[PDB]
Amino acid sequence: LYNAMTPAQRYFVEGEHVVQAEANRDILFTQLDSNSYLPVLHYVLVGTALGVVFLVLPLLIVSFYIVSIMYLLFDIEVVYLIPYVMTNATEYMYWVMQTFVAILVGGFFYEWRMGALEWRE
Amino acid sequence: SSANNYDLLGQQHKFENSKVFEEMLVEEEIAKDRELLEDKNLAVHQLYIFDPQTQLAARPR
């Protein structure tokens, strides 16, 4: 639970009631904690604990390398494409994206032409 | 043994001399593109495997 430490973060609200309310608060998205990944980490620990309980109960009683590289590089290329779809693009952002995709498609065409896309090897 | 060895030698030399011009020039080009294809990192080598005697595409790689 992140707690504000300064009056400006606390909206210049005076008193110790607010600090007490913030420290003992519940993680509520409508309230202070929005877009918070802390519930996700709590979910991670819960899943791990359940797995541990199941685990401990009975105890008491060339082509692959090539596909890995191509996946890494095309994944990075899609990583750059992600910010574009997250904006209401203009014409020029659009044409920059078109040049970017043109380069990616040139690499893909090289892959197709050299037979790497075929998995005979 | 000398007689027989020179018989084999004569067969070889007859084989070389008896080729026609067009075949000789074609064979010169075969030797030349054999030398050019010695580099195995060429793009075309990824495309195909070439027949050794005549550097023609035999099967894809």
# chains A, B, ... in the order shown; residues from 1 in each chain; ligands from 1
>>> closest_atom_pairs(of="chain A", to="chain B", cutoff="8 Å", atoms="only C-alpha atoms", output="CSV")
residue,atom,partner,partner_atom,distance
A:113,CA,B:47,CA,8.0
A:114,CA,B:47,CA,5.8
A:115,CA,B:47,CA,7.1
>>> write_last_selection(atoms="C-alpha atoms", output="PDB file, in the first residue's frame")
ATOM      1  CA  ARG A 113      12.405 -16.213 -50.755  1.00  0.00           C
ATOM      2  CA  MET A 114      15.344 -17.878 -48.996  1.00  0.00           C
ATOM      3  CA  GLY A 115      13.181 -20.810 -47.881  1.00  0.00           C
TER       4      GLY A 115
END
>>> select_by_dssp(residues="chain B", states="alpha helix (DSSP H)", output="tab-separated table (two decimals) with N, CA, C and O atoms, in the first residue's frame")
chain	number	residue	atom	x	y	z
B	2	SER	N	54.04	-50.06	-69.09
B	2	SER	CA	54.17	-48.81	-69.85
B	2	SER	C	53.20	-48.78	-71.02
B	2	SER	O	52.53	-47.76	-71.25
B	3	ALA	N	53.11	-49.89	-71.76
B	3	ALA	CA	52.18	-49.91	-72.88
B	3	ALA	C	50.74	-49.64	-72.42
B	3	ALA	O	50.03	-48.80	-73.00
B	4	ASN	N	50.32	-50.32	-71.36
B	4	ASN	CA	48.94	-50.17	-70.89
B	4	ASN	C	48.68	-48.78	-70.32
B	4	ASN	O	47.61	-48.18	-70.56
B	5	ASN	N	49.64	-48.24	-69.57
B	5	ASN	CA	49.49	-46.90	-69.00
B	5	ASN	C	49.33	-45.87	-70.10
B	5	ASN	O	48.48	-44.97	-70.01
B	6	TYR	N	50.13	-45.98	-71.16
B	6	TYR	CA	49.98	-45.03	-72.26
B	6	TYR	C	48.71	-45.27	-73.05
B	6	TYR	O	48.19	-44.32	-73.65
B	7	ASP	N	48.16	-46.49	-73.05
B	7	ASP	CA	46.83	-46.68	-73.63
B	7	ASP	C	45.78	-45.87	-72.88
B	7	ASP	O	44.96	-45.16	-73.49
B	8	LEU	N	45.78	-45.95	-71.54
B	8	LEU	CA	44.82	-45.16	-70.77
B	8	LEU	C	45.05	-43.66	-70.98
B	8	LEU	O	44.09	-42.88	-71.10
B	9	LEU	N	46.31	-43.26	-71.04
B	9	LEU	CA	46.66	-41.86	-71.27
B	9	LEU	C	46.11	-41.38	-72.62
B	9	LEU	O	45.57	-40.27	-72.72
B	10	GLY	N	46.25	-42.21	-73.65
B	10	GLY	CA	45.72	-41.87	-74.96
B	10	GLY	C	44.21	-41.76	-74.96
B	10	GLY	O	43.65	-40.88	-75.62
B	11	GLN	N	43.52	-42.64	-74.22
B	11	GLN	CA	42.07	-42.51	-74.12
B	11	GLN	C	41.69	-41.16	-73.52
B	11	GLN	O	40.79	-40.47	-74.03
B	12	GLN	N	42.37	-40.76	-72.44
B	12	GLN	CA	42.05	-39.48	-71.81
B	12	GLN	C	42.30	-38.31	-72.76
B	12	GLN	O	41.45	-37.41	-72.91
B	13	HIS	N	43.46	-38.30	-73.42
B	13	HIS	CA	43.79	-37.18	-74.30
B	13	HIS	C	42.86	-37.12	-75.50
B	13	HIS	O	42.50	-36.03	-75.97
B	14	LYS	N	42.47	-38.28	-76.03
B	14	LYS	CA	41.47	-38.32	-77.10
B	14	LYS	C	40.14	-37.75	-76.62
B	14	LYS	O	39.47	-37.02	-77.36
B	15	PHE	N	39.74	-38.08	-75.39
B	15	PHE	CA	38.49	-37.54	-74.87
B	15	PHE	C	38.53	-36.02	-74.78
B	15	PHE	O	37.56	-35.34	-75.12
B	16	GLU	N	39.65	-35.47	-74.31
B	16	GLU	CA	39.74	-34.02	-74.18
B	16	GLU	C	39.76	-33.33	-75.54
B	16	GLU	O	39.05	-32.34	-75.76
B	17	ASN	N	40.56	-33.83	-76.48
B	17	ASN	CA	40.73	-33.13	-77.75
B	17	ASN	C	39.48	-33.22	-78.63
B	17	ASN	O	39.24	-32.32	-79.45
B	21	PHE	N	33.89	-27.14	-80.30
B	21	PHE	CA	34.06	-25.81	-79.73
B	21	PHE	C	32.94	-25.41	-78.78
B	21	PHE	O	33.20	-24.93	-77.68
B	22	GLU	N	31.69	-25.56	-79.21
B	22	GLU	CA	30.60	-25.07	-78.38
B	22	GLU	C	30.62	-25.75	-77.02
B	22	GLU	O	30.45	-25.09	-75.98
B	23	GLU	N	30.93	-27.05	-77.00
B	23	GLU	CA	31.08	-27.78	-75.75
B	23	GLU	C	32.28	-27.29	-74.95
B	23	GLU	O	32.21	-27.19	-73.72
B	24	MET	N	33.40	-26.98	-75.62
B	24	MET	CA	34.57	-26.46	-74.90
B	24	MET	C	34.26	-25.13	-74.22
B	24	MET	O	34.65	-24.91	-73.06
B	25	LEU	N	33.59	-24.22	-74.92
B	25	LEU	CA	33.26	-22.92	-74.34
B	25	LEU	C	32.28	-23.09	-73.19
B	25	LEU	O	32.42	-22.45	-72.13
B	26	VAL	N	31.29	-23.97	-73.36
B	26	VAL	CA	30.36	-24.26	-72.27
B	26	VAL	C	31.11	-24.80	-71.06
B	26	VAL	O	30.83	-24.43	-69.91
B	27	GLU	N	32.09	-25.68	-71.28
B	27	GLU	CA	32.88	-26.22	-70.17
B	27	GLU	C	33.74	-25.15	-69.52
B	27	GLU	O	33.97	-25.20	-68.30
B	28	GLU	N	34.24	-24.19	-70.30
B	28	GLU	CA	34.97	-23.07	-69.71
B	28	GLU	C	34.07	-22.29	-68.77
B	28	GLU	O	34.48	-21.91	-67.67
B	29	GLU	N	32.82	-22.05	-69.18
B	29	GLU	CA	31.88	-21.37	-68.29
B	29	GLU	C	31.55	-22.22	-67.07
B	29	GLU	O	31.33	-21.69	-65.98
B	30	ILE	N	31.50	-23.55	-67.24
B	30	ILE	CA	31.28	-24.43	-66.09
B	30	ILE	C	32.40	-24.27	-65.07
B	30	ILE	O	32.15	-24.12	-63.87
B	31	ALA	N	33.65	-24.27	-65.54
B	31	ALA	CA	34.77	-24.07	-64.62
B	31	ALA	C	34.70	-22.70	-63.96
B	31	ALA	O	34.94	-22.56	-62.76
B	32	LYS	N	34.35	-21.67	-64.74
B	32	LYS	CA	34.31	-20.32	-64.20
B	32	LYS	C	33.26	-20.19	-63.10
B	32	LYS	O	33.57	-19.71	-62.00
B	33	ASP	N	32.03	-20.63	-63.36
B	33	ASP	CA	31.02	-20.45	-62.32
B	33	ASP	C	31.20	-21.46	-61.19
B	33	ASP	O	30.68	-21.25	-60.10
B	34	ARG	N	31.94	-22.55	-61.43
B	34	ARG	CA	32.41	-23.35	-60.30
B	34	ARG	C	33.29	-22.52	-59.38
B	34	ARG	O	33.13	-22.56	-58.16
B	35	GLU	N	34.22	-21.75	-59.96
B	35	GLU	CA	35.08	-20.91	-59.12
B	35	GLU	C	34.26	-19.84	-58.40
B	35	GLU	O	34.49	-19.58	-57.21
B	36	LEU	N	33.32	-19.20	-59.10
B	36	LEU	CA	32.49	-18.19	-58.45
B	36	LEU	C	31.60	-18.78	-57.36
B	36	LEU	O	31.31	-18.11	-56.36
B	43	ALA	N	23.98	-15.93	-51.56
B	43	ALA	CA	22.53	-16.02	-51.42
B	43	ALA	C	21.96	-17.18	-52.23
B	43	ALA	O	21.02	-17.85	-51.79
B	44	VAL	N	22.51	-17.42	-53.42
B	44	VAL	CA	21.98	-18.46	-54.30
B	44	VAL	C	22.20	-19.84	-53.70
B	44	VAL	O	21.41	-20.76	-53.94
B	45	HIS	N	23.28	-20.03	-52.93
B	45	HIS	CA	23.52	-21.32	-52.30
B	45	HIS	C	22.41	-21.66	-51.31
B	45	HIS	O	22.03	-22.83	-51.17
B	46	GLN	N	21.90	-20.66	-50.59
B	46	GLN	CA	20.72	-20.88	-49.76
B	46	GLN	C	19.53	-21.32	-50.60
B	46	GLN	O	18.68	-22.09	-50.13
B	47	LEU	N	19.45	-20.83	-51.83
B	47	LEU	CA	18.32	-21.16	-52.70
B	47	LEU	C	18.41	-22.60	-53.20
B	47	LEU	O	17.41	-23.34	-53.16
>>> residues_around(residues="residue 59 (chain B)", least_positions_apart="4", cutoff="9 Å", atoms="only C-alpha atoms", output="mmCIF file with N, CA, C and O atoms, in the first residue's frame")
data_model
loop_
_atom_site.group_PDB
_atom_site.id
_atom_site.type_symbol
_atom_site.label_atom_id
_atom_site.label_comp_id
_atom_site.auth_asym_id
_atom_site.auth_seq_id
_atom_site.Cartn_x
_atom_site.Cartn_y
_atom_site.Cartn_z
ATOM 1 N N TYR B 48 19.579 -23.030 -53.678
ATOM 2 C CA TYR B 48 19.683 -24.301 -54.386
ATOM 3 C C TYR B 48 20.979 -25.018 -54.032
ATOM 4 O O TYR B 48 21.928 -24.422 -53.518
ATOM 5 N N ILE B 49 20.992 -26.318 -54.325
ATOM 6 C CA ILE B 49 22.208 -27.123 -54.388
ATOM 7 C C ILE B 49 22.507 -27.413 -55.852
ATOM 8 O O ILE B 49 21.630 -27.877 -56.593
ATOM 9 N N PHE B 50 23.740 -27.143 -56.269
ATOM 10 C CA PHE B 50 24.128 -27.224 -57.669
ATOM 11 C C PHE B 50 24.825 -28.545 -57.970
ATOM 12 O O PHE B 50 25.578 -29.069 -57.143
ATOM 13 N N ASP B 51 24.553 -29.081 -59.156
ATOM 14 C CA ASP B 51 25.199 -30.309 -59.592
ATOM 15 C C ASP B 51 26.699 -30.064 -59.756
ATOM 16 O O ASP B 51 27.100 -29.031 -60.304
#
>>> atom_distance(atom1="CA of residue 26 (chain A)", atom2="CA of residue 48 (chain A)")
22.8 Å
>>> residues_around(residues="residue 73 (chain A)", least_positions_apart="5", cutoff="12 Å", atoms="only C-alpha atoms", output="PyMOL selection string")
chain A and resi 66-68+78-80+104+107-108
>>> write_last_selection(atoms="N, CA and C atoms", output="tab-separated table (two decimals), in the first residue's frame")
chain	number	residue	atom	x	y	z
A	66	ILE	N	16.29	-20.98	-35.40
A	66	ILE	CA	15.87	-20.00	-36.40
A	66	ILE	C	14.52	-19.40	-36.05
A	67	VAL	N	13.56	-20.24	-35.66
A	67	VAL	CA	12.23	-19.75	-35.32
A	67	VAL	C	12.29	-18.89	-34.06
A	68	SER	N	13.19	-19.23	-33.13
A	68	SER	CA	13.37	-18.39	-31.95
A	68	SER	C	13.87	-17.00	-32.32
A	78	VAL	N	6.42	-5.84	-33.65
A	78	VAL	CA	5.06	-5.65	-33.16
A	78	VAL	C	5.05	-4.77	-31.91
A	79	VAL	N	6.10	-4.86	-31.09
A	79	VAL	CA	6.26	-3.95	-29.96
A	79	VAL	C	6.24	-2.50	-30.41
A	80	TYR	N	6.97	-2.18	-31.48
A	80	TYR	CA	6.86	-0.82	-32.01
A	80	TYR	C	5.49	-0.53	-32.61
A	104	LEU	N	9.41	-4.18	-42.48
A	104	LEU	CA	9.12	-5.49	-41.91
A	104	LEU	C	8.72	-6.50	-42.98
A	107	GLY	N	11.71	-7.73	-44.88
A	107	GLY	CA	12.36	-8.83	-44.17
A	107	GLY	C	11.59	-10.13	-44.29
A	108	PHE	N	10.26	-10.06	-44.20
A	108	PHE	CA	9.44	-11.26	-44.35
A	108	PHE	C	9.57	-11.86	-45.75
